[PDB]
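The structure appears right after this line, and notes come after that.
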Amino acid sequence: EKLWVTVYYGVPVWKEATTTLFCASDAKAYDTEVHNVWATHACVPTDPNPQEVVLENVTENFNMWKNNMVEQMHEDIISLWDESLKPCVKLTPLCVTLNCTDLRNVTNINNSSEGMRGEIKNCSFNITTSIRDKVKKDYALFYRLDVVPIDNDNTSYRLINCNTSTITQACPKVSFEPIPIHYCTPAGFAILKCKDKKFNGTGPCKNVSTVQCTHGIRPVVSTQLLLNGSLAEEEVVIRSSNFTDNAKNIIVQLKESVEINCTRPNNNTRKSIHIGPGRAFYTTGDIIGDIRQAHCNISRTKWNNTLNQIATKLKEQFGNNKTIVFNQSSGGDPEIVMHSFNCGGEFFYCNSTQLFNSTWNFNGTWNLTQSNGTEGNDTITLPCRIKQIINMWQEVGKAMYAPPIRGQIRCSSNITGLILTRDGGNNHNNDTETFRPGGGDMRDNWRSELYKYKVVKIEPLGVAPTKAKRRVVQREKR
Amino acid sequence: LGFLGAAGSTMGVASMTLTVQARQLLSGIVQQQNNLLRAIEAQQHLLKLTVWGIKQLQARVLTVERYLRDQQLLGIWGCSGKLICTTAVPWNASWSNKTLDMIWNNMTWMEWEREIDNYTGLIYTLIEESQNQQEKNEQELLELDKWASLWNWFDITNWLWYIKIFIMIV
Amino acid sequence: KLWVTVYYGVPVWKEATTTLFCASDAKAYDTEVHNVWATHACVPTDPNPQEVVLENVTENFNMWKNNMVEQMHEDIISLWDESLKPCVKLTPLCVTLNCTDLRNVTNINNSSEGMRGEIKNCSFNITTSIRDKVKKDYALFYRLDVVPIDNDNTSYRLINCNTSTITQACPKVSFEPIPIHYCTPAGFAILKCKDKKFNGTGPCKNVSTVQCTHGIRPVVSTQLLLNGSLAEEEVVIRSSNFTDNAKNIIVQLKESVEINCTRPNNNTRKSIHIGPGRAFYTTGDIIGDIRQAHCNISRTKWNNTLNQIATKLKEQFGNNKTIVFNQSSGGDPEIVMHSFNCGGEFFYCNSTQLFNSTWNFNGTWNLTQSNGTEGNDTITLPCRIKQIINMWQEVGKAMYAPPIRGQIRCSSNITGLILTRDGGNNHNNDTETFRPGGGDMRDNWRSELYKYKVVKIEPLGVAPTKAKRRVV
Amino acid sequence: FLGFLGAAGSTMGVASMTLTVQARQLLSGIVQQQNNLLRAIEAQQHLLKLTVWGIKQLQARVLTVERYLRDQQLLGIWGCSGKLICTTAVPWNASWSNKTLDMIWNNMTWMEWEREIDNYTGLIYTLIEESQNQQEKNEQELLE
Amino acid sequence: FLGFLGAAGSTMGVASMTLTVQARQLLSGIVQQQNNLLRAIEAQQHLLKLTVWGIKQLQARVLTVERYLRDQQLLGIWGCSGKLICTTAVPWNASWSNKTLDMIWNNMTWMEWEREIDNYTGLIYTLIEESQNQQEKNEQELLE
Amino acid sequence: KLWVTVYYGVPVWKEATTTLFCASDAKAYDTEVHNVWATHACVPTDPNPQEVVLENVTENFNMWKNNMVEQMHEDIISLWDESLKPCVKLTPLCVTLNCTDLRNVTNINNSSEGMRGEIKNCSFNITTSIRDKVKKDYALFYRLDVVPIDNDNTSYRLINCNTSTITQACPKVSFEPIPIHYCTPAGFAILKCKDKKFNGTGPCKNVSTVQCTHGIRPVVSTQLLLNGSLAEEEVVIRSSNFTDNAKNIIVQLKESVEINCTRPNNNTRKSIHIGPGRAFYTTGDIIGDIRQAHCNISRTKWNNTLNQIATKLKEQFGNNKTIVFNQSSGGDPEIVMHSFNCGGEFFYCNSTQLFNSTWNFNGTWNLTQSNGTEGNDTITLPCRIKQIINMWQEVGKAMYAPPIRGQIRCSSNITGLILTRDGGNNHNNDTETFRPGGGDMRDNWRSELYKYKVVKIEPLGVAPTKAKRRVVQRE
Ligand SMILES: *[C@@H]1O[C@H](CO)[C@@H](O[C@@H]2O[C@H](CO)[C@@H](O[C@@H]3O[C@H](CO[C@H]4O[C@H](CO)[C@@H](O)[C@H](O)[C@@H]4O)[C@@H](O)[C@H](O[C@H]4O[C@H](CO)[C@@H](O)[C@H](O)[C@@H]4O)[C@@H]3O)[C@H](O)[C@H]2NC(C)=O)[C@H](O)[C@H]1NC(C)=O
Ligand SMILES: *[C@@H]1O[C@H](CO)[C@@H](O[C@@H]2O[C@H](CO)[C@@H](O)[C@H](O)[C@H]2NC(C)=O)[C@H](O)[C@H]1NC(C)=O
Ligand SMILES: *[C@@H]1O[C@H](CO)[C@@H](O[C@@H]2O[C@H](CO)[C@@H](O)[C@H](O)[C@H]2NC(C)=O)[C@H](O)[C@H]1NC(C)=O
Ligand SMILES: *[C@@H]1O[C@H](CO)[C@@H](O)[C@H](O)[C@H]1NC(C)=O
Ligand SMILES: *[C@@H]1O[C@H](CO)[C@@H](O)[C@H](O)[C@H]1NC(C)=O
Ligand SMILES: *[C@@H]1O[C@H](CO)[C@@H](O)[C@H](O)[C@H]1NC(C)=O
């Protein structure tokens, strides 16, 4: 009946801790030696076979809002972007009055100036390059949004954020293509994966596994609709900090991939004007062919069902006997008001009014509408304005100019999630709930993937009472 | 696999008795990973302190500290030899008032430590380390025995082969 | 017969020089504010420091050759350098500065009472982020920040302009000094003298060790040590060579003297844009009468304080001695006039009413007591503001401080004095003189680090014993 | 009982029983024991992008890691890697301070005894290195 | 490192003479020695600060330490963390080599020896630690 | 029975790539004021280095496939990046320069010297820190660093000003090369091929090993190799593919040739303050007249050394082929003119005289005799001076050398050549046309890291034995 401490190295005991994660991406990118991605350049290779064990009989508590991974991932992507644009030309010298004459395409009225009118502004200006004593008059086919009327004059515009921020042009060579990034924990640490088929933002996650490396979390930054992300399993899942609270954002994860065909159907000849010693400012030379409106194609039926599905879950989350309004964003940052995301290296400010507009009766028919022909289903095209000057999402002092991508641009992203925002607005006799689209927080975008991951440390050493005792005998012979 | 698992299995379960194996595997996985990492750093050689570079560097240091600290304790406790090591320190009812069957067959390792954490320090950081210090002293204090050394020398004088000759006669 | 016995963990330490790290209090974290000294970067301070005492020990100390002083000298200046590194450079700001006597054209507020000239309302045509736009803008520069130019009664310019850059201090960063705990890496330790009186260099009977220094506020002050540590029931005087004059004389006080300092000016902030995403902050309008900055000091307290110091100095330079407290002869305003930072605002005070004392050796030394507060006018120190500040060891690299919106209130604790013995021929009359000193971040560091020294711990040890390695 | 360096003034004998106290804090350090911090910085976050202090803390860490390792490596060369108090077969030398064990362990403190042996130390270390060579050689003959 | 491998790799036998028992401890000894010399240097200058060379030395220090650990970790996996030359219970799968033990030790150099085994060398290591477990499981039955 | 036994420290290495740390005596750290290629960082070299000779060891060394050359190149470039990072930039100085008054006295001064206005009393309406006030100043700029504009016989600018940023190097920083010992970390080793002459790639008979490389000077030169190493008993020609014409021909000499070089002028070092805390450095008149920089080569020694190289070239392409040392083909001046740095000052020396010799195997030559020891033994190299150095790899990132005060004198040790074989139509004529080359600093490092090869150290080793783990078997 005598127990003595017996130290065991390798006991299966762990503790919720935080550690410096390291990136691990496929080596193929290193072999291609493109090294144009704003990350992955020095990112180590990934274990060909992911190593995961089943934590059976285990019940770990998981909290998305308290997942330090999201905070770290946020800092990582923020720095990676800064790192990439750190050594690239700035548009600080380009800060002059811009004589923005409308594109000669206005002379070609055709049909409402072809696709769009005033979207592109052939602006001219006086610049001082490496030669300071000598000034130079140059023209740049800038788009709208990037220009702001200044003197209230007809052809008097200026680069947006000329004084509010320092416009830095991202090096044209660099490529803004998110490639599967796998965050990995160092030895003595382990990412816990909420394996539960369905899991609310916070709470004990039953079905649970673990990984030493996150799945390929593409650092895709997109507003409202989450493109190219992790699809929900079987059931669309809505996650909020405080659903009843309005300020809080609402993370809706779609179970099915709504493929979106976005393209920039304009053949573009890119130009470059030298501004500063060994510094060249890239702009657009000419829009060869009729100027057409950039647009994205999405099956109404698919989206109609997707809005039907989410609506049901929103009803389950709140009052199943309440009305539900998908009103469009109530103003705010252009990114928040209109779906935005990167495609081919150009950010597409695309309208999403058509997407978020339909409403639903608590007792309305809940059937999945089928297609009624190519013309019947058609596609939800979106008026898109390309804003090259892109400001930081959480800082005003920093803004980045975007090099024009020469030639036709086209992408095929999968819609995998949607950020919404509940607004009670004193619903008359309640029985109503508005869910305008949300976005603008990169963290929110990262949570959509780390929703299951949870970093924990490991403690192999362990002591326990055992009838056995250390034998005081020391002499080998006696 | 890099993972011990078997956390849910309560202490004493065949898995908890076969932990040694999974631990030998893990200790090995550490090299399988370290060697892999080293091989790459030899090829890519992008150890440049980049955004990921610094991360990799911090990560490398953390792993070393983890391995070193756990081994240091083992060494001071006189347990550097193998994972499992019985010690001479008896358990106090204050540390726990449960039968071995309870503390084991009934408690999982995670659950167990949780209760002992309140005493974990006094158990090993103090008494256990002291035990070894006293043992070490007694060792050399017993190595000054003159007759023992002379008899021990006699053993090396024949290198304990005389007994083998007896076996040869047998 | 004996055999070497390897003893691991022997309690033996040796003087060493190593890098140290700061461990700021976790309360600073909670505040969630950007400190210039990166108090947030500093690791959390261990709740209770371990001050294990080394009994039966007599460790010698050398405060004048301590590495930590030099190491921190660099650490504090680097912290400032990296803090103001990414801030507006105020480079284009310098141009032609046409100025007026006061922001008030006449006695609009208090021209008569207001120190005429202290405003020097200078106007200038600066270029905004738009390269093709020039704008006339006005600003207020205390005489200490404007130099007459072209000998034009109204033409002036920034003081350290032409010579070096004057980057404005990033406005978000706070300059509130937070206690800092320099901690030794594992395998290293800091030894602390507990002796109630310590010369600074020599043996120590009460010696303790700490893995972490006590909290030290990195305050930079001249002719004075503010918010510093206190001696023990005795003012202590330390100098590498007391019989030498140049060697600045460090004094640690046993009693703290309160110093209330404030800016009685309600000021506003004007963000003149100078460059894309670069906003220069200046004072827009002062709301009300203009009152010069000052500091309140007790007569008796300061009197009693000097008395004790004077005695210590006679005990240092022969009993029979007359300690004459003179002021600084001349040199950089930094070391001529007592200067200190207050709520993100530099203050140059004329401590003439703190360093004016002859005191005959044969005089009443009875501790002066307060009889009537009305009669005991709290010494008021004439204080001004030098917004542009300059590095102490470097001619170039000057820095600007953005104005703070509103009146500022400070109340630090006098805790030390820096002095410079001058061997005037009058010494033949035993009239010892100790002019105020300063001008060296190191002198301030030596005052707070005298009791600490860092030693590497060597756990490896050998010893002879009758025990022998047995093969069997 | 005694603190980290509590046996500093204690005789070599008394201090010999407290060796573990120091050995326990050779690698154990506040920065290393931080693990997860109650601060936005997580495991030194990212060295705060190599801050003035981030470097210091990083550097200070490597010195604790290399130093402890160096000390172990030594004991490892001397064979008694895991052991704390070892027993060498190196015969003692009279020149190394002709003193009786009573004075050494009941009077001289480790700090004092070291200062004396400092003059002749590295030599002893080499004598152990070659003694293990002889030991390994002898053991090899037995293995054969 | 002064006498770093003072004697070059001869026939594994001639190399496995006193040379191995000595050079090994001398090599590891001088390795620590030169590492200790670096400690005095960085203590004397303290100029190593994220410089082209400062980053080089910092990464080099980390490399050496982690490469030392991997070697020692491996010794630990097959309970050989004590003696530099530890025997195992694993027999030699003739597939690894048919070479006469004499030749292996009389007409073969370590440099050549490892290559023909570079394929199995890793396979062997796994058997070495797997057996260590078999032996421990047996020790776990010897109840000692 | 055979039981595998683990052996620690088995003498086995493997070609590896490892980060190398510079090790210099740092004897210049005491002179903290003086900084050179980060001398302070370089940890002091071991006072007693020992080369362990690898007896009965043969190894292959690929002087070209040598990672060290690559690392040195990256470290050398990064060193310059760090040195120029905090230094000033001539961005605002790229103004229209009214370059006139080539020289004060176009009569007695330049007179016969081929000066023809090398320096120019160039004046320019540039601003200063005052910003508001704009002042015109005059500074002598070398015709080499200046480029004419509008051909108005007046408007001029800096050769790279419009297309490249010029960063003024900090004057306090010296550019004297110091011995840098590239030391490998523990667990790694640098093999040393000790054959008398090494083809550059192949099995090496004599092989040794070093913990650190021998002192290697960071010398950057073109068409020549200065303060370098010497060959063994014989000039050695080294190339990746000699029979290929493009591959640069690396030659290493067995003996050294003194190259007395000096700028024989007393120069006043005028400095111009432009921009807050920014000061440009230039020349304030030349004290006295202008003497053209020149280099002294032993006429006979050179004749002999060239003959030695020629004989080896015969041994490389058949004696039948005549060795024709032609002058540089053409291209950037850096390569066209043997250009090096003297005492922190960059030279540009015409090398036509040193490369104008046809060594026809069919012509008899009994070496050369310096009977006229006094005179007629100094091939005076017409040396020009340049201050604006362009990055050897990129178009941008140029650097200005602040003028040095007084006469700049030096004496290096020619220790080899960098040559270029030409695909001429005279291949049938058998006339190996070899012309001097340069512009690739990697070659400079190869010429010194040729005898080194970094390899990993794997101490752990396995070996079958007749012994078994019986000791631990019983527990
Ligand atoms: C570096 O050193 C070399 C060697 O000294 C100098 O060049 C050689 O100089 C010698 C004279 O000292 C030259 O000799 C002359 O060559 C003529 C050409 O024929 C050559 O080839 C035939 C092949 O059958 C040989 O038989 C013959 O000997 C030569 O090698 C000969 O026609 C000359 O013959 C005689 O007549 C002349 C006068 O016409 C006399 O001066 C001679 O003494 C002799 O009686 C003679 O042999 C030799 O050709 C040179 N070689 C080259 C490569 O040009 C370099 O000039 C020197 N460089 C410098 C810069 O100093
Ligand atoms: C065992 O060793 C013997 C000796 O090396 C091997 O026999 C040799 O086989 C090779 C290759 O075909 C021949 O070139 C030799 O002539 C053989 N020598 C002798 C002495 O017979 C044999 O193959 C080995 N067996 C295995 C399977 O390892
Ligand atoms: C230098 O020595 C190498 C050998 O180390 C010679 O290279 C071999 O030459 C033969 C015949 O010329 C070839 O078939 C081989 O392929 C070559 N390489 C090897 C590795 O054997 C070489 O000819 C010598 N000379 C030069 C200029 O390289
Ligand atoms: C102080 O000195 C004065 C003058 O001698 C004397 O009258 C008085 O009693 C003394 N005591 C006090 C008030 O300290
Ligand atoms: C530059 O321009 C100013 C203003 O016209 C003039 O005074 C000055 O002489 C000019 N300098 C040169 C070099 O022409
Ligand atoms: C070169 O060509 C000549 C022709 O005269 C021939 O005699 C000689 O052998 C060839 N090769 C050598 C070794 O020079």
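Letters for chains follow the order of the structure tokens (A, B, ...), residue numbers begin at 1 for each chain, and ligand numbers begin at 1 in the order shown.
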### strand (DSSP E or B) positions in chain D, given as a ChimeraX atom specification
/D:11,85,91,109
May I have the selected residues written with N, CA, C and O atoms, as a compact mmCIF listing (two decimals), in the first residue's frame?
```
# COMPACT_ATOMS: atom_id res chain seq x y z
N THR D 11 30.29 26.26 3.23
CA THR D 11 31.53 25.51 2.87
C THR D 11 31.23 24.58 1.69
O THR D 11 30.04 24.26 1.48
N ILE D 85 26.89 14.66 -9.82
CA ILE D 85 28.23 14.48 -9.18
C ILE D 85 28.88 13.23 -9.79
O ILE D 85 28.28 12.14 -9.64
N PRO D 91 44.06 10.81 -10.80
CA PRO D 91 44.63 11.03 -9.47
C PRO D 91 44.79 12.54 -9.22
O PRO D 91 45.22 13.23 -10.13
N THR D 109 35.03 27.84 0.79
CA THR D 109 33.73 27.79 0.07
C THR D 109 34.01 27.57 -1.42
O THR D 109 35.15 27.84 -1.84
```
#### Entry: Neighbourhood of ligand 5 at 8 Å, counting only C-alpha atoms and all ligand atoms, reported as a count of residues only
11
### Neighbourhood of ligand 1 at 10 Å, counting only C-alpha atoms and all ligand atoms, reported as a PyMOL selection string
chain F and resi 299-307+322-324+353-354+356-370+376-377+379
Could you please take those selected residues and save N, CA, C and O atoms as a short mmCIF file (atom, residue, chain, number, x, y, z; two decimals), in the first residue's frame?
```
data_model
loop_
_atom_site.label_atom_id
_atom_site.label_comp_id
_atom_site.auth_asym_id
_atom_site.auth_seq_id
_atom_site.Cartn_x
_atom_site.Cartn_y
_atom_site.Cartn_z
N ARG F 299 59.00 46.07 -66.98
CA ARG F 299 58.86 45.69 -68.41
C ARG F 299 59.30 44.23 -68.60
O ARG F 299 58.55 43.47 -69.24
N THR F 300 60.47 43.87 -68.07
CA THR F 300 61.00 42.49 -68.25
C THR F 300 60.11 41.49 -67.50
O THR F 300 59.63 40.54 -68.13
N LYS F 301 59.92 41.71 -66.20
CA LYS F 301 59.08 40.79 -65.38
C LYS F 301 57.81 40.47 -66.17
O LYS F 301 57.50 39.27 -66.33
N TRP F 302 57.12 41.50 -66.67
CA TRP F 302 55.86 41.28 -67.42
C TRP F 302 56.14 40.40 -68.63
O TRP F 302 55.41 39.41 -68.83
N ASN F 303 57.17 40.74 -69.41
CA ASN F 303 57.54 39.93 -70.60
C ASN F 303 57.66 38.46 -70.17
O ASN F 303 57.10 37.60 -70.87
N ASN F 304 58.36 38.20 -69.06
CA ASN F 304 58.58 36.81 -68.59
C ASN F 304 57.24 36.21 -68.18
O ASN F 304 56.94 35.09 -68.63
N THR F 305 56.46 36.93 -67.37
CA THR F 305 55.19 36.35 -66.86
C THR F 305 54.26 36.04 -68.03
O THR F 305 53.67 34.95 -68.04
N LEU F 306 54.14 36.97 -68.98
CA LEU F 306 53.27 36.74 -70.17
C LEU F 306 53.77 35.50 -70.91
O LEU F 306 52.93 34.69 -71.33
N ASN F 307 55.10 35.37 -71.04
CA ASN F 307 55.68 34.19 -71.74
C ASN F 307 55.26 32.92 -70.98
O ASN F 307 54.85 31.95 -71.64
N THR F 322 49.43 29.78 -82.15
CA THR F 322 50.19 30.96 -81.64
C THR F 322 49.35 31.67 -80.58
O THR F 322 48.14 31.83 -80.79
N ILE F 323 49.98 32.08 -79.47
CA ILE F 323 49.25 32.81 -78.40
C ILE F 323 49.31 34.31 -78.71
O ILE F 323 50.42 34.88 -78.70
N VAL F 324 48.15 34.91 -79.00
CA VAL F 324 48.10 36.37 -79.33
C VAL F 324 47.35 37.09 -78.21
O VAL F 324 46.11 36.98 -78.16
N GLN F 353 49.05 48.35 -73.51
CA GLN F 353 50.51 48.04 -73.47
C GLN F 353 50.73 46.63 -72.91
O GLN F 353 51.63 45.94 -73.43
N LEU F 354 49.96 46.24 -71.90
CA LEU F 354 50.18 44.92 -71.24
C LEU F 354 49.59 43.79 -72.10
O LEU F 354 49.89 42.62 -71.81
N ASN F 356 49.56 43.49 -75.73
CA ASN F 356 49.93 43.75 -77.14
C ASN F 356 51.17 42.92 -77.45
O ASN F 356 52.22 43.49 -77.80
N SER F 357 51.06 41.60 -77.26
CA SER F 357 52.23 40.72 -77.51
C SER F 357 51.78 39.44 -78.23
O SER F 357 50.82 38.80 -77.74
N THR F 358 52.44 39.09 -79.33
CA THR F 358 52.11 37.83 -80.05
C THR F 358 53.20 36.80 -79.76
O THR F 358 54.38 37.10 -80.02
N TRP F 359 52.81 35.72 -79.09
CA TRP F 359 53.78 34.67 -78.70
C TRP F 359 53.65 33.51 -79.68
O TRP F 359 52.94 32.53 -79.38
N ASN F 360 54.31 33.65 -80.84
CA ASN F 360 54.28 32.57 -81.85
C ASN F 360 55.19 31.44 -81.38
O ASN F 360 56.41 31.64 -81.39
N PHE F 361 54.63 30.28 -81.03
CA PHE F 361 55.45 29.11 -80.62
C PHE F 361 56.69 28.99 -81.50
O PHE F 361 57.73 28.51 -81.00
N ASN F 362 56.60 29.43 -82.76
CA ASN F 362 57.73 29.28 -83.72
C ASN F 362 58.79 30.37 -83.52
O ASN F 362 59.86 30.27 -84.15
N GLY F 363 58.51 31.35 -82.65
CA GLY F 363 59.51 32.38 -82.33
C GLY F 363 60.31 32.01 -81.10
O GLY F 363 59.68 31.62 -80.09
N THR F 364 61.64 32.09 -81.17
CA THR F 364 62.50 31.69 -80.03
C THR F 364 62.53 32.81 -78.99
O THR F 364 62.63 33.99 -79.39
N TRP F 365 62.45 32.46 -77.70
CA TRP F 365 62.52 33.49 -76.63
C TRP F 365 63.28 32.94 -75.42
O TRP F 365 62.82 31.95 -74.81
N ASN F 366 64.41 33.56 -75.09
CA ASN F 366 65.19 33.15 -73.89
C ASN F 366 64.81 34.08 -72.74
O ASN F 366 65.71 34.81 -72.26
N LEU F 367 63.54 34.09 -72.33
CA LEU F 367 63.05 34.98 -71.24
C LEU F 367 63.36 36.44 -71.61
O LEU F 367 63.29 36.78 -72.81
N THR F 368 63.66 37.27 -70.60
CA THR F 368 63.98 38.70 -70.85
C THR F 368 65.02 39.14 -69.81
O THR F 368 65.01 38.59 -68.70
N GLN F 369 65.91 40.08 -70.18
CA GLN F 369 67.00 40.47 -69.25
C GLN F 369 66.85 41.95 -68.86
O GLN F 369 66.81 42.80 -69.77
N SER F 370 66.77 42.23 -67.56
CA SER F 370 66.67 43.63 -67.08
C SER F 370 68.08 44.20 -66.86
O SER F 370 68.36 44.66 -65.74
N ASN F 376 63.49 52.46 -68.43
CA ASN F 376 63.04 51.53 -69.51
C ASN F 376 62.47 50.25 -68.89
O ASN F 376 62.36 49.25 -69.63
N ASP F 377 62.12 50.29 -67.60
CA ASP F 377 61.58 49.09 -66.91
C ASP F 377 60.23 49.43 -66.27
O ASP F 377 59.80 48.69 -65.38
N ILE F 379 56.56 50.11 -67.55
CA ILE F 379 55.43 50.27 -68.52
C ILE F 379 54.42 51.21 -67.87
O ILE F 379 53.56 50.71 -67.12
#
```
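Shortest atom-to-atom contact with residue 429 of chain F among F:18, F:251, F:320, F:196: F:320, counting only C-alpha atoms.
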### Task
Compute the chain E side of the contact with chain B at 10 Å, counting only C-alpha atoms, and hand it back as an MDAnalysis selection string.
chainID E and resid 50 55:56 58:59 62:63 65:67 69:74 76:82 125:126 129:130 132:134 136:137 140 144
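Shortest separation to ligand 3 among F:272, F:149, F:313, F:22 occurs at residue F:313, atoms counted being only C-alpha atoms and all ligand atoms.
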